[PDB]
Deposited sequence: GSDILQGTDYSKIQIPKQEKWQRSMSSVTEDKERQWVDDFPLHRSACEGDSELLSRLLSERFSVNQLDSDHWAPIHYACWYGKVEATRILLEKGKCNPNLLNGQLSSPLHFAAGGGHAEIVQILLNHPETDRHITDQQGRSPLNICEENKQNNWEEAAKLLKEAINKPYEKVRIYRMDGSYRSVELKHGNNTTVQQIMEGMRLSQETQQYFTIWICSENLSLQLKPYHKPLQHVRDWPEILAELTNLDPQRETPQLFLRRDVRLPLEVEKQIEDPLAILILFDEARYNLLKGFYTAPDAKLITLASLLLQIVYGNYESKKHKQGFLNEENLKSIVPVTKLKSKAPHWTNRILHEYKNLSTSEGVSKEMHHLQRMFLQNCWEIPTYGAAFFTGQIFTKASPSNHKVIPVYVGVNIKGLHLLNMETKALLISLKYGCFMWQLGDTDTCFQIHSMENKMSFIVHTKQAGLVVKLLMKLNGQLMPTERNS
């Protein structure tokens, strides 16, 4: 390895640097000096080399050295004003970054007094006036909150949660998830969400067989999968109720909540009361529950064949609600009906089982146990409470096995998320010592 991408950067050969990027050379590879190409470019003041690496190369502007220094330190340290301009204009830049010795870019700049250090120092000082960049944090009702990014893309989940306008009690129920259409991951407090967004094609590559160009990740506020059901039952905060509710309704409508028709009807009636208020004879009597507004109160998996024969039982239970009142009281009742549902609060993973035929399955894990849904129909294939089964990862970490102590059925789920599943099973089981 000659490290030609690195050499091209400090030599300032733009055309060479650009071509090497297209020829699939990595922008975060560290050479034998533990330096990435952006470090050479910023140390030696190669303006155009840094610009191409940040833009075409889509390099992390805060990418650390082997010795934990940043491009901004090298840029400012060498007094390369124009490169400092560029880095500060990058949306992901962490302007509160510190090196291995807790020094700021300004500290190095003012000390070394190299080149255009005076100009670089001005840019750094009046960069404090700049408003921070903002990331969108979505809820399951489709809405979102713009949160200020203190440390650019180095901003952690915990720091983002502090940016959420949530009290200490409404906050303990939720955390940040990174989710595309067909992969959802709950992040830990120390994780950096925008790095996961950045590395999303590689995350999909490790865990799924999905097309990265057909999946687009976003950040979500979502129920903590670790939240004990016994703790949730004590909840009484209106905002915390609303968020859990909207997420519950979301799972309901998509068909992830499996239950007898009586339960699904009870839920539909509660949604009618919650959305439309009290029942009135002129409005909702006949022809009211058709395809269009049935779809917002019943599972989509029941909308075609099953729901059209529920309309009268739904109207009855809806009428009885009109003859609780407050909005968060009603939504709590909804959750009360959801809590007894087997797959409530579950994280879902995708996999396959092989009957020696090939059945694609959702793998659900919650504080209750493990659950398998047929991927197309969302039908509940198997539901196992903790204590009633055991799990074991496969040789390759590409599958896992489950042993039923009573049903004595053993089966193997094939999935590249097997590691995440086994890890999560262990954690949630341990909460029940």
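Where C-alpha coordinates are absent, the deposited sequence of this PDB chain has the segments 1-37, 361-364, 398-403, 481-486.
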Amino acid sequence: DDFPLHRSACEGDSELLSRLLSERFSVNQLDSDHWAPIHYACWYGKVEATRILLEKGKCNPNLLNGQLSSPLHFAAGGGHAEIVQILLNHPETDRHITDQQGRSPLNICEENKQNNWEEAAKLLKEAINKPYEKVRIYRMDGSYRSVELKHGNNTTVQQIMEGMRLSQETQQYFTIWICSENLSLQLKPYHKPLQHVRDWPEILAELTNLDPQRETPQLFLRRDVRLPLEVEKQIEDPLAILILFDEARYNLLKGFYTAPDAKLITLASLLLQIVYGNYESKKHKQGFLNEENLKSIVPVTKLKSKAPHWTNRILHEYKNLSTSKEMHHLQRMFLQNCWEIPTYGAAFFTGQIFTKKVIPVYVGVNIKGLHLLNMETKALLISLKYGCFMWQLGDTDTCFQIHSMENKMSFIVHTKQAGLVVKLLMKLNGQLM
From here on, numbers count along this sequence of modelled residues.
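As recorded in the PDB entry, 384-392 is the stretch of 384-392 and 39-47 with the greater mean C-alpha temperature factor.
Stretches 158-166 and 281-289 differ in mean C-alpha B factor, with the higher average recorded for 281-289. Ranking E202, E118, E92, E181 by Cα temperature factor from the entry places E118 first.
In this entry, the residue among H73, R214, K150, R223 with the greatest C-alpha B factor is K150.
The deposited CA B-factor of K408 belongs to the highest third of values across its chain. For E232, the recorded CA B-factor ranks within the middle third of the chain. Only modelled residues enter the ranking. Compared with the other modelled residues of the chain, the Cα B-factor recorded for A127 ranks in the highest third.
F334: CA B factor lies in the middle third for its chain, per the PDB record.
Among all modelled residues in its chain, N374 ranks in the highest third by Cα B-factor.
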